[PDB]
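Visitor: First, the structure itself, so that you have it in front of you.
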Amino acid sequence: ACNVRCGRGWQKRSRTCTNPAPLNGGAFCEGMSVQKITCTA
Amino acid sequence: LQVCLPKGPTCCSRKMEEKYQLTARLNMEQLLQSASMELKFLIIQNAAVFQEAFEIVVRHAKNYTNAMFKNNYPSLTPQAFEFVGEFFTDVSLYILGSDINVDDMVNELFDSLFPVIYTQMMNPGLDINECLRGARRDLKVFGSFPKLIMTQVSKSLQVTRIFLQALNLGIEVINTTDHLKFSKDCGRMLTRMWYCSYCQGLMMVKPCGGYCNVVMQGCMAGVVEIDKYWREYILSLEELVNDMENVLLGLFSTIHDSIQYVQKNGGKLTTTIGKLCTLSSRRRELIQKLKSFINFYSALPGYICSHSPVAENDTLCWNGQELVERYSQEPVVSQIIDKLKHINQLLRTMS
Ligand SMILES: *[C@@H]1O[C@H](CO)[C@@H](O)[C@H](O)[C@H]1NC(C)=O
Ligand SMILES: *[C@@H]1O[C@H](CO)[C@@H](O)[C@H](O)[C@H]1NC(C)=O
């Protein structure tokens, strides 16, 4: 939900590295983990 | 038909039986997801928060080191910014599981730091750079400071790395639970328990509590075996929480004192070289909330039966094949147990 009631707000989308999670020194997930977009309420 | 035991006639064909089987699959997956959702969201929240918090700590520590270099040693900038950025980049890379050598981070830091100290602070006035880099370690100009920082940061960074990997693997196994595919025999037994009553023309009849118990203890014989390893996982994580913010934030003071130490012997050093050349609160709340789910795998069949429509009284109920007055009476799980054993060994060793 947009944190700000009126004007510029925020919307987040999480992307975890768990399917599968790296083990025994596996290469970590490549790219970004969070997604943020500006919203107008 | 291959599922619905035909005692009399039947109101459903083989295709309707397949539809009932797929709806049984979907209902089981939905029930498992509803059972696992609270714990999944708890661990996802905490994993995200700890990851962002560690990145914030590393960025702030790099910022403070850069600021103290800007203020106290302007002659070492802008080269100081490059090696500080490389050092803390390698720090973050180690935290996130990449193959980084901590001793090599510190050694490359001091190897890059010494030549600019010599050229700008000690002997004011590019090719001789490597001779200075060699003299750094050959003459032990920084004393015991490099090994002190090495142990100070390796000890915290390893526990943080393994904490993050443990959180992520817990997320992984909890996501696997509600996606656990079952045997075909269990598919047919669940179809009989939930839907095969409709094939016999019954509208609102529910299966017996005891029949649900035998079916669930039938297909969760493997899943319940995970409970020992999940309990050991919880307790080993509790062992680990009982660290990295303090160290990375005092790094700047330690480096400044090392620079003072090297400047202290400048007389002999210049001539010799000229000749030669709220976090703890979060992990506590996380462990106290995680200990409420230590019975997760042992209470799971009880959840499936107590949240599925069942006749608890075992009276006028469906027994999988007929309406009775009273009831008579691995591979993916192996992967879950493998990863739990691995992470549990890794946890216990940091203790
Ligand atoms: C570090 O802190 C100071 C505080 O005044 C700020 O001005 C500067 O932009 C910061 N630098 C970084 C790299 O965060
Ligand atoms: C589990 O990971 C899979 C990967 O596609 C994803 O589809 C699912 O939404 C995740 N689990 C939960 C229960 O949110």
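In the structure tokens, each chain is lettered A, B, ... as it comes, each chain's residues begin at 1, and ligands are numbered from 1 in order of appearance.
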Identify every residue of chain A that has at least one atom within 7 Å of any atom of chain B, counting only C-alpha atoms, and report the result as a PyMOL selection string.

Guide: chain A and resi 18-21+25+27-28

Visitor: Leaving out stretch 293-307 of chain B and any residue of its chain fewer than 3 positions from it, which residues lie within 6 Å of it when counting only C-alpha atoms, given as JSON, numbers by chain?

Guide: {"B": [212, 216, 224, 227, 231, 290]}

Visitor: How would the residues just picked look written out with N, CA, C and O atoms as a short mmCIF file (atom, residue, chain, number, x, y, z; two decimals), in the first residue's frame?

Guide:
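Generated output (result.cif):
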data_model
loop_
_atom_site.label_atom_id
_atom_site.label_comp_id
_atom_site.auth_asym_id
_atom_site.auth_seq_id
_atom_site.Cartn_x
_atom_site.Cartn_y
_atom_site.Cartn_z
N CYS B 212 -10.22 -39.85 8.89
CA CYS B 212 -9.28 -38.76 8.55
C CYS B 212 -7.94 -39.01 9.25
O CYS B 212 -6.89 -38.78 8.63
N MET B 216 -4.50 -39.53 7.18
CA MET B 216 -3.42 -38.52 7.36
C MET B 216 -2.16 -39.18 7.92
O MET B 216 -1.08 -38.97 7.33
N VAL B 224 6.16 -36.41 8.97
CA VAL B 224 6.28 -36.29 10.45
C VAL B 224 7.72 -36.56 10.88
O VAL B 224 8.16 -35.97 11.89
N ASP B 227 10.22 -33.74 11.89
CA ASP B 227 10.02 -32.94 13.12
C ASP B 227 11.30 -32.89 13.96
O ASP B 227 11.62 -31.82 14.51
N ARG B 231 13.15 -29.37 14.83
CA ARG B 231 13.39 -28.97 16.24
C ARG B 231 14.88 -28.67 16.44
O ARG B 231 15.20 -27.64 17.08
N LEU B 290 9.79 -17.91 16.77
CA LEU B 290 10.07 -19.17 16.03
C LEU B 290 9.88 -20.37 16.95
O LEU B 290 9.54 -21.45 16.45
#

Visitor: Using only C-alpha atoms and all ligand atoms, which residue out of B:57, B:22, B:277, B:128 lies closest to ligand 1?

Guide: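 Selected residue with least distance to ligand 1: B:57.
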
Visitor: Name each residue within 7 Å of ligand 1, counting only C-alpha atoms and all ligand atoms, as a PDB file with N, CA and C atoms, in the first residue's frame.

Guide:
ATOM      1  N   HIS B  60      26.778   2.195   5.770  1.00  0.00           N
ATOM      2  CA  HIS B  60      27.054   3.236   6.789  1.00  0.00           C
ATOM      3  C   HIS B  60      28.508   3.146   7.263  1.00  0.00           C
ATOM      4  N   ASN B  63      30.675   4.553   4.656  1.00  0.00           N
ATOM      5  CA  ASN B  63      30.467   6.023   4.690  1.00  0.00           C
ATOM      6  C   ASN B  63      31.308   6.636   5.813  1.00  0.00           C
ATOM      7  N   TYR B  64      31.283   6.033   6.993  1.00  0.00           N
ATOM      8  CA  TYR B  64      32.001   6.599   8.155  1.00  0.00           C
ATOM      9  C   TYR B  64      33.510   6.532   7.916  1.00  0.00           C
ATOM     10  N   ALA B  67      34.374   9.207   5.464  1.00  0.00           N
ATOM     11  CA  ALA B  67      34.243  10.548   6.078  1.00  0.00           C
ATOM     12  C   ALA B  67      35.457  10.819   6.971  1.00  0.00           C
TER      13      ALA B  67
END

Visitor: Mind checking DSSP for chain A and telling me the strand (DSSP E) residues as JSON, numbers by chain?

Guide: {"A": [8, 9, 10, 11, 12, 13, 14, 34, 35, 36, 37, 38, 39, 40]}

Visitor: May I have the residues within 12 Å of residue B:147 as a list in words, using only C-alpha atoms and disregarding those fewer than 3 positions away in the same chain?

Guide: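 What passes the distance filter is residues 102, 103, 104, 105, 106, 107, 110, 137, 140, 142, 143, 144, 150, 151, 152, 153, 154, 254 and 258 of chain B.
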
Visitor: What does the distance between atom CA of residue B:247 and atom CA of residue B:163 come to in Å, to one decimal place?

Guide: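 Between atom CA of residue B:247 and atom CA of residue B:163 the gap is 16.9 Å.
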
Visitor: Mind dumping a table of every chain B residue within 9 Å of ligand 2, with the nearest atom pair and its distance in Å to one decimal, using only C-alpha atoms and all ligand atoms, sorted by chain and rising number, as a Markdown table?

Guide:
| residue | atom | partner | partner_atom_place_in_ligand_line | distance |
| --- | --- | --- | --- | --- |
| B:33 | CA | ligand 2 | 13 (C) | 5.9 |
| B:34 | CA | ligand 2 | 13 (C) | 8.8 |
| B:36 | CA | ligand 2 | 13 (C) | 7.5 |
| B:37 | CA | ligand 2 | 13 (C) | 6.6 |
| B:40 | CA | ligand 2 | 13 (C) | 7.0 |
| B:41 | CA | ligand 2 | 14 (O) | 8.2 |
| B:171 | CA | ligand 2 | 1 (C) | 8.6 |
| B:172 | CA | ligand 2 | 1 (C) | 7.5 |
| B:174 | CA | ligand 2 | 13 (C) | 7.7 |
| B:175 | CA | ligand 2 | 1 (C) | 4.6 |
| B:176 | CA | ligand 2 | 1 (C) | 6.9 |
| B:177 | CA | ligand 2 | 13 (C) | 8.7 |
| B:178 | CA | ligand 2 | 13 (C) | 6.9 |
| B:179 | CA | ligand 2 | 1 (C) | 7.8 |

Visitor: Could the residues in this selection be written to a file with N, CA, C and O atoms, as a short mmCIF file (atom, residue, chain, number, x, y, z; two decimals), in the first residue's frame?

Guide:
data_model
loop_
_atom_site.label_atom_id
_atom_site.label_comp_id
_atom_site.auth_asym_id
_atom_site.auth_seq_id
_atom_site.Cartn_x
_atom_site.Cartn_y
_atom_site.Cartn_z
N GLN B 33 -0.88 -24.85 2.65
CA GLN B 33 -0.44 -23.44 2.52
C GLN B 33 -1.04 -22.63 3.67
O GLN B 33 -0.33 -21.78 4.23
N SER B 34 -2.30 -22.85 4.01
CA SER B 34 -2.96 -22.12 5.12
C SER B 34 -2.27 -22.47 6.44
O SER B 34 -2.17 -21.60 7.32
N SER B 36 0.91 -23.28 6.78
CA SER B 36 2.33 -22.83 6.73
C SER B 36 2.44 -21.32 6.54
O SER B 36 3.56 -20.80 6.62
N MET B 37 1.34 -20.62 6.27
CA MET B 37 1.41 -19.20 5.82
C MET B 37 1.96 -18.30 6.92
O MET B 37 2.81 -17.44 6.60
N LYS B 40 5.69 -18.94 7.28
CA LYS B 40 6.37 -18.49 6.04
C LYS B 40 6.50 -16.97 6.06
O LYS B 40 7.60 -16.46 5.77
N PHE B 41 5.44 -16.25 6.39
CA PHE B 41 5.48 -14.77 6.36
C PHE B 41 6.41 -14.25 7.45
O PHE B 41 7.14 -13.29 7.20
N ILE B 171 13.10 -20.73 4.95
CA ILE B 171 12.10 -20.30 3.95
C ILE B 171 11.93 -21.40 2.90
O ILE B 171 10.78 -21.71 2.53
N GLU B 172 13.03 -21.98 2.43
CA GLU B 172 12.98 -22.98 1.33
C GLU B 172 12.15 -24.18 1.78
O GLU B 172 11.25 -24.62 1.03
N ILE B 174 10.00 -24.49 4.25
CA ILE B 174 8.58 -24.15 4.56
C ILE B 174 7.81 -23.96 3.25
O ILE B 174 6.64 -24.33 3.20
N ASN B 175 8.45 -23.44 2.22
CA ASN B 175 7.79 -23.35 0.90
C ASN B 175 7.61 -24.75 0.32
O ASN B 175 6.67 -24.97 -0.45
N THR B 176 8.52 -25.67 0.61
CA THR B 176 8.38 -27.04 0.09
C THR B 176 7.22 -27.78 0.76
O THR B 176 6.56 -28.60 0.08
N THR B 177 6.95 -27.51 2.03
CA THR B 177 5.90 -28.27 2.76
C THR B 177 4.57 -28.26 2.01
O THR B 177 4.00 -29.33 1.75
N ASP B 178 4.06 -27.09 1.66
CA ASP B 178 2.70 -27.03 1.07
C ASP B 178 2.74 -27.48 -0.40
O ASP B 178 1.66 -27.67 -0.98
N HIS B 179 3.93 -27.67 -0.95
CA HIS B 179 4.12 -28.17 -2.33
C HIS B 179 4.63 -29.61 -2.33
O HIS B 179 5.14 -30.07 -3.36
#
